[PDB]
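Heads up: the structure comes next, in structure tokens.
Shown next, in the form of structure tokens:
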């Protein structure tokens, strides 16, 4: 069914951008912790060897 | 006296091996601690921001 012009376009666009930014921030945090895990694993491997 | 010396020599050699194992334990724990310290420093930097 046909509709009409969106009442508040800029607010919706801001919400979409905010969701994208939150996802990117979470992904970056996970990647940083993964790199720290890699470093710790390398150190532990060297010591155990 | 030779038997006593043999007992002492074997005991001291085994004790040296045990001490080496202890050094290994300390090294592993200290590596894990270094990683934890790096994480804490980054957390403090983020808090200051």
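Chains as they are written, first to last, in this note's numbering: chain P, 339 to 387; chain R, 34 to 82. Ideal Cβ placement from N, Cα and C applies to all residues, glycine included.
- In this model, residue 35 of chain R and residue 41 of chain R are separated by some 10 Å (Cα to Cα).
- Taking CB atoms only, residue 372 of chain P has no neighbour in chain R less than 8 Å away.
- Chain P places a beta carbon closer than 8 Å to that of residue 72 of chain R, counting this residue as a contact.
- In this structure, the alpha-carbon of residue 384 of chain P lies about 28 Å from that of residue 77 of chain R.
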